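Cβ placement follows ideal geometry from the backbone for every residue including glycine, while neighbour counts extend to all protein chains displayed. Read the figures in this text as sums done on the coordinates, not as results from a lab.
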Protein chains: 2
Amino acid sequence: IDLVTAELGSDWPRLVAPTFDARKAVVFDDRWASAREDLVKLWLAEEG
Amino acid sequence: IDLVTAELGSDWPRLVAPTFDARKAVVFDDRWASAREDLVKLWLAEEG
């Protein structure tokens, strides 16, 4: 492991560490909810 | 070391092993010796 590090360097092994996992995903399929709140904000704040 | 191997593969660490060492070098600076043996071989074997 010392020899492998000697060739590749310090940053390469540390940055190659895994990140992605299947449980942290977030899905936004709602327009219906966000469109309603979007309109009432326009309606109340109307100036121009 | 298992994670590092997982990324890079099996062949990469094995082929990257060191080879060169300063003590195995071989120097041929002699023409004077090799030219003499070269001529006598011609002289004896002359046909054409």
> Are there chymotrypsin sites (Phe, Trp or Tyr not before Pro) in chain B that DSSP marks as loop and that have at most 16 other Cβ atoms within 10 Å, and which are they?
Replying inline: B:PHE20, B:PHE28
> If the label for A:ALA45 sits 7 angstrom from Cα along the Cα-to-Cβ line, what are its distances to the same label in every other copy, in nm to one decimal, shortest first?
Replying inline: 9.6
> In nanometres, what is the gap between the two model label sites at B:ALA6 and A:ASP2, each 7 Å from Cα along Cα-to-Cβ?
Replying inline: 2.5 nm
> To the nearest 10 degrees, how steeply does helix A:32-45 sit against the main Cα axis of chain A, on a 0 to 90 scale?
Replying inline: 60 degrees
> With +1 on each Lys and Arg Cβ and -1 on each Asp and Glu Cβ, how big is the dipole of chain B about its Cα centre, in debye rounded to the nearest 20?
Replying inline: 180 debye
> Which residue is it, in chain B, whose C-beta lies closest to the B-to-A rotation axis, and what is that distance in whole Å?
Replying inline: B:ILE1, 2
>> I need the inter-copy label distances for A:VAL26: point set 7 Å along Cα to C-beta, values in nm with one decimal, smallest first.
In response: 6.7
>> More than 15 angstrom separation, counting every C-alpha pair in chain A; what % is that?
In response: 71 percent
>> If you average the alpha carbon positions of chain B and of chain A, how far apart do those two centres end up, in angstrom?
In response: 54 Å
> Residue by residue through segment A:5-19, which ³J(HN,Hα) values in whole Hz follow from phi under the Karplus form 6.51 cos²θ - 1.76 cosθ + 1.60 (θ = phi - 60°), with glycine and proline marked x?
Replying inline: 5, 4, 6, 7, x, 7, 6, 4, x, 6, 7, 8, 4, x, 10
